[PDB]
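[1] Structure for the following, please:
(2 chains, ligands or ions: 2)
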Protein chains: 2
Amino acid sequence: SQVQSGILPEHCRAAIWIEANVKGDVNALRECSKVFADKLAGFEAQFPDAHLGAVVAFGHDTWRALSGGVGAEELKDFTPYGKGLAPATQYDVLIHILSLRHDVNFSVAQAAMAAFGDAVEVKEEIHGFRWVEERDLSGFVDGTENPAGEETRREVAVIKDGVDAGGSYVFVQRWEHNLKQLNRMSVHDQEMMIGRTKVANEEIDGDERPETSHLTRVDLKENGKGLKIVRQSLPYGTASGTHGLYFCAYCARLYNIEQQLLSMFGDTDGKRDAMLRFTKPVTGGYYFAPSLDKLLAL
Amino acid sequence: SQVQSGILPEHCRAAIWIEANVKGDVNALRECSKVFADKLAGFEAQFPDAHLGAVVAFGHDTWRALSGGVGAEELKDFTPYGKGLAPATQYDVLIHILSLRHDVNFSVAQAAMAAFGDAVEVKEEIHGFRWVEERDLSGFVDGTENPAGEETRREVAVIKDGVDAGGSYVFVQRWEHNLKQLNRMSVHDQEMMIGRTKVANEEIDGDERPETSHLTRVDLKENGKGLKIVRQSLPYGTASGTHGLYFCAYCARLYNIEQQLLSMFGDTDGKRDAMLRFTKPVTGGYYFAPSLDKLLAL
Ligand code: HEM
Ligand code: HEM
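    Numbering: from 1, shown residues only, chains lettered A, B, ... in the order given. Ligands and ions are numbered 1, 2, ... in the order given. Here you go:
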């Protein structure tokens, strides 16, 4: 059972995320996904230069109908966390395209619109870009402790056996940064908000940083082992308008993601992530990405 | 006199254009431009291999004020052409940033906003990207006959002497492509529309292509010599929403640009550019880019 090509590649330079709702018969998606998968393989062969991959994933209601209610038992509609502090915008279809080349990405995105256009209504399209030194627009490096290498990323993100082998759970959440509020903070204040030093990007030990620090919020364990995720987030936006981080995570279990959300947004222990001092999520949804084999034969 | 670094570089991968109006006192721009140019010089040293360049240019009324009526006598407000076919959105300040790296462009743009933000209200920010094979989103190679090499480009784009030595005239015009309308045309018909063959990008002899063809519209001569411009246009937009070409031209004389506009939009001989079958301009403005010396010396 083959994984879809966009989950495992590391250090993309650019990505496109399309979120869309079914219009009409959900069953049309079966043929759309096969058409797009074929176009995608063609682009991957045409531009090996790009290290291109993509993922098609589906929301609870849509996947339940496409799978006939079999498998993906964890999948559910994203609903608001923190009593609304993390809003919900659950759509039916997620397409995630990533590579080293924005120009190739755009061609693949056009192919996706051609494949799905008559079956969906697009609600969001975000073009992510890797920024200097792989930093978030806040000036902090983003990705350091992400799982590295195919073996470890596969362990964290790709379902290993069962009816869903080769699939993955996906979470996407667009954040809007208020950089003027960030810059009112001393660098020490910022570093206590994140849990790592800003320029040097060294971790502050768990006892030196407040329990509201981001790293304390998301360093969660079960049975003494950390709940890991594979993050494909990138910056997005304009300099003069809206900008921030398009957050994107893959995980073999929805649980690891949900537990970090419950932690960050006050649900678990009443404390909230200190990053909410300067940035806020404005979308959110859960999706199931089937194995490529399952995607090809819906 | 030194030219601003953004005019002459060839084959940028990505650009950012910012159009803005003055908010308070126009004289605040004097310190804003010096601050930004200082910041730009720092990014050009920090990223010596990115081919980074930027241009600050000014609308008619804002330049008259900043320069005490001195020079830039050609500079005027952009006004509609073709009885409204080409609308006018003349603003006060144009900032154009280009390089091989979008991530570096975004840093420069943030610096532009840190420097001009208090003094202006941004009307538009557009991120351009070079597409596959340097093709416009219509599928036609864009740029083939552009002036190449620093000598020829300086002849065309940089003012040679006089009070304005080192400066240039800029025209920006965002177009919205309707690729559905494009793809209803046969390839032959598209080629007759542009004036070059589509895949091979070979010229079609002027006698074998309609006088409404783009090339016939824009390949103009005065006194037996071609009216050249230096184009920096790039594709922009999203696959599912608005997309097209952000047109951008530099010229030593406003006359070369205006003559092509008069031709394309039916004002010269009543014939209109055949590209209007599928795309349309929705903005337009004229700006004056002073040499880098005046920009620091305002
Ligand atoms: C629901 C949203 C998010 C989740 C679930 C999440 C999850 C994580 C995880 C699991 C880590 C690695 C922690 C470790 O084991 O060391 C991490 C690190 C980090 N995150 Fe978040 N993150 C989220 C949102 C954000 C946002 C919005 C930003 C910035 C604006 C951000 C910036 C960072 C930074 C700078 C690091 C440290 C560098 C790294 O290890 O990647 N995160 N995040
Ligand atoms: C939707 C907007 C436009 C598109 C898709 C477009 C596309 C093209 C293409 C495909 C070429 C031939 C390849 C090349 O030599 O670059 C070309 C040439 C050219 N274009 Fe455009 N163009 C657009 C707008 C404009 C405008 C508004 C102007 C001038 C005001 C202009 C001026 C020129 C010039 C001067 C040439 C070179 C002609 C020659 O000497 O062969 N273009 N354009």
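
[2] hey, where'd the helices end up in chain A?
    In chain A, the helices defined using DSSP state H lie at A:28-46, A:60-67, A:102-116, A:150-157, A:179-183, A:187-194, A:214-218, A:254-264, A:292-296.

[3] Need the winner for burial among those.
    Of all the helices of chain A, helix A:102-116 has the most neighbours on average by mean count of other C-beta atoms under 10 Å in any protein chain shown, namely a mean of 22. For every residue, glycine as well, the C-beta is placed using N, CA and C.

[4] I'd like the helices of chain A as a markdown table, with distance to ligand 1 appended.
    Below are the helices of chain A laid out as a markdown table (distance: least, C-beta to the nearest ligand atom, whole Å):
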| stretch | distance to ligand 1 |
| --- | --- |
| helix A:28-46 | 27 |
| helix A:60-67 | 19 |
| helix A:102-116 | 22 |
| helix A:150-157 | 10 |
| helix A:179-183 | 9 |
| helix A:187-194 | 5 |
| helix A:214-218 | 4 |
| helix A:254-264 | 4 |
| helix A:292-296 | 25 |
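
[5] Any idea which of those gets closest to residue B:50?
    Closest to residue B:50 of these is helix A:102-116 (C-beta to C-beta; 15.6 Å).

[6] Can you list the helices and strands that that closest one packs against?
    strand A:14-22, helix A:28-46, strand A:93-99, strand A:120-129, strand B:120-129 (3 or more C-beta pairs under 8 Å, 6 or more residues apart in numbering or on different chains; DSSP states H and E).

[7] ok, now with 10 Å
    If contacts are counted by 3 or more C-beta pairs under 10 Å, 6 or more residues apart in numbering or on different chains; DSSP states H and E, helix A:102-116 sits against strand A:14-22, helix A:28-46, strand A:53-58, strand A:93-99, strand A:120-129, strand B:120-129, strand B:234-237.

[8] Can you check what angle separates that helix from strand A:120-129?
    170 degrees (axes from the mean of the first three to the mean of the last three C-alpha atoms, to 10 degrees).

[9] by how many degrees do helix A:102-116 and strand B:14-22 diverge?
    Going by the same axes, to 10 degrees, helix A:102-116 makes 90 degrees with strand B:14-22.

[10] Taking the centroid of chain A, which residue is nearest it?
    Of all residues in chain A, the one closest to the mean position by C-alpha atoms, centre = their mean is residue A:248, 1.3 Å from it.

[11] My read is that that one contacts residue A:284, right?
    No: look at residue A:248 against residue A:284 with C-beta atoms under 10 Å: they stay out of range, at 11.5 Å.

[12] hang on, the earlier thing: what's the closest of the helices of chain A to residue B:169?
    Nearest of the helices of chain A to residue B:169, taken as C-beta to C-beta: helix A:102-116 at 29.6 Å.

[13] got the contact list for residue A:248?
    With contacts taken as C-beta atoms under 10 Å, 6 or more residues apart in numbering or on different chains, residue A:248 has the following neighbours: A:15, A:17, A:55, A:94, A:96, A:98, A:126, A:128, A:170-174, A:229-234.

[14] Please enumerate the shared neighbours of residue A:248 and residue A:284.
    A:171-174.

[15] Adding neighbour count and distance to chain B, write these out as JSON lines.
    Compiled in JSON lines, the shared contacts of residue A:248 and residue A:284 are given as follows (neighbours: other C-beta atoms under 10 Å in any protein chain shown; distance: C-beta to the nearest C-beta, whole Å):
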{"residue": "A:171", "neighbour count": "23", "distance to chain B": "22"}
{"residue": "A:172", "neighbour count": "25", "distance to chain B": "16"}
{"residue": "A:173", "neighbour count": "22", "distance to chain B": "19"}
{"residue": "A:174", "neighbour count": "24", "distance to chain B": "14"}
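
[16] Nearest to ligand 1 among these?
    Of all the shared contacts of residue A:248 and residue A:284, residue A:173 has the smallest distance to ligand 1: 5.5 Å, by C-beta to the nearest ligand atom.

[17] Who is that closest one paired with across the strands?
    Residue A:173 has the following beta-bridge partners by DSSP bridges: residue A:247.

[18] Same question for residue A:54.
    Going by DSSP bridges, residue A:54 forms beta bridges with residue A:97.

[19] Surely it and residue A:108 touch.
    Yes: using C-beta under 10 Å, residue A:54 is in contact with residue A:108, at 6.2 Å.

[20] Specify the stretch among the helices and strands packed on helix A:102-116 that is closest to ligand 2.
    strand B:234-237 (9.1 Å).

[21] In the closest one, which residues are buried?
    Buried residues in strand B:234-237, counted by 16 or more other C-beta atoms under 10 Å in any protein chain shown: B:234-237.

[22] Work out the gap between that strand and the centre of the chain.
    Relative to its chain's centre, strand B:234-237 lies at 12 Å (C-alpha atoms, centre = their mean, to the nearest Å).

[23] Please list the strands that that strand pairs with in its sheet, giving the direction of each pairing.
    Strand B:234-237 is paired, per DSSP bridges, with strand B:243-251 (antiparallel).

[24] residues from chain A in reach of ligand 1?
    Within chain A, the residues that sit near ligand 1 (C-beta under 6 Å from any ligand atom) are A:136, A:138, A:140-146, A:173, A:175, A:194, A:196, A:214-215, A:218-219, A:229, A:245, A:247, A:260-261, A:264, A:275, A:279.

[25] what about stretch A:138-146, how long is it end to end?
    18 Å (C-alpha to C-alpha, to the nearest Å).

[26] One more: stretch A:37-53?
    Note: stretch A:37-53 ends 11 Å apart using C-alpha to C-alpha.

[27] how about that stretch, does it reach chain B?
    Yes: using C-beta under 10 Å from any C-beta of the partner chain, stretch A:37-53 comes into contact with chain B via A:43, A:46-47, A:50.

[28] before we move on, what about stretch A:278-297?
    No: using C-beta under 10 Å from any C-beta, stretch A:278-297 stays clear of chain B, coming no nearer than 15.4 Å.

[29] Which positions within that stretch qualify as buried?
    Neighbour-count burial for stretch A:278-297 [16+ other C-beta under 10 Å]: A:278-281, A:283-292, A:294-295.

[30] Going by distance to residue A:223, which of the residues you listed wins?
    Closest to residue A:223, out of all of the buried residues of stretch A:278-297 and judged by C-beta to C-beta, is residue A:286, at 23.9 Å.

[31] now the nearest residue to that closest one once chain neighbours are set aside: how far from residue A:141?
    Distances taken as C-beta to C-beta, 6 or more residues apart in numbering or on different chains put residue A:78 closest to residue A:286, at 4.4 Å, once the chain neighbours are dropped. Applying C-beta to C-beta, to the nearest Å, the value for residue A:78 to residue A:141 is 28 Å.

[32] Cheers, nothing more for now.
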